[PDB]
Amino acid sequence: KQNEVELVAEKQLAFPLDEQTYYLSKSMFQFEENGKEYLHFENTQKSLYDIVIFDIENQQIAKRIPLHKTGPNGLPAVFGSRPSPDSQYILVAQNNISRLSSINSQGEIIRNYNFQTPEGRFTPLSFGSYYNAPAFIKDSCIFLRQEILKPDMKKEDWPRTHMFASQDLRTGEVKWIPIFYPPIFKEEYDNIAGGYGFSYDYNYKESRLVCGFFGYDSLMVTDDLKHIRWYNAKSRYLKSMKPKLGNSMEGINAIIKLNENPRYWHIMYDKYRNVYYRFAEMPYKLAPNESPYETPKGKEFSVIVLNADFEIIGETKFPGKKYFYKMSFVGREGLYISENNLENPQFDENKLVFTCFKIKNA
């Protein structure tokens, strides 16, 4: 049934920092290397520009991978980076210059790739964790989310718009993947402010892609990058929903509504326990002193647990002003959720803190 399990806090991980490492990363991923687990932590916020690898067992920094802006190993515009599958070969996204790059553990460039649409158009290049969007590698190609190719989408355009593209890491060839946006977007605005986002994860055990549109009750699953199945993944605390696109002409109001309204966020596969976690944001109303552009520190959330057959087996609600759930990862011991919320009474900008949540019978 839907109430067999719950998530329960067990231990904490705490990494002491200094001025060389900022506590926030938008591209942090757990990985295994040499028999141990680590956190790949892209450290490109503010004036910083490198990658830090954290040692989970020893709760400390393991190494620092330099990133240079110029020179023979110059990476002008890193935003997003991933262990591929470990720190010896890392892929980095450079959206602003239409480039994907591979680097080694010393930050040296292996190869630069131009990444544009087949017809030579700019297309957003990203992967990261701020919403779970890890990319994935199949048959030596990297697969990435793709955004819409024209600002004024009609109903008919969604099922003709690709959700993913891949780039061959030998040849650089980009291919559109025949997985299309679902026909669940009704508004026809001249310019869309948001509302069609999704999170995804890739289950290498079953060669299985799972996508969760922020505005939709159901998860989309495919095992052959073509044929789609849908599974209910609705929070018991939220009214059933379908996406609501924002209208750019509404101005800041469109952004505020998306920020504050209930919606889903990460979908995350747990490779150790063979379960999925879907995060859900509870309803909120943005207060005057709060920024329209970021999730409020007080927004409540839940995590839905689904088993390997995509059956909901439990859901646990979390308070606001405590967690920074946009820094979450699955480790050997469980689901780790950061406590680096500015309104947490224990917040310390020089300590990266996570709580480990284990699955217990309810």
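Just count from 1 along the sequence shown to find any residue number.
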Would you determine, from the values in the PDB entry, which of 243 to 251 and 73 to 81 has the greater average C-alpha temperature factor?
-> 243 to 251
If you average the Cα B factors in the entry, which is higher, 137 to 145 or 220 to 228?
-> 220 to 228
Have a look at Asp86, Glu173, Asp157, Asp201 and flag the one whose Cα has the highest B-factor in the entry.
-> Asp157
Among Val303, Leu39, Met327, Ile313, single out the one with the highest C-alpha B factor in the record, please.
-> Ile313
Within this chain's modelled residues, let me know which third the CA B factor of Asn344 belongs to: lowest, middle or highest.
-> middle
Taking the values exactly as deposited, rank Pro262 by C-alpha B-factor within its chain and report the matching third: lowest, middle or highest.
-> lowest
For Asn350, the third of its chain into which the C-alpha B factor falls | middle
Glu19's Cα B-factor: lowest, middle or highest third of the chain?
-> middle
Chain-relative CA temperature factor third for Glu33 = middle
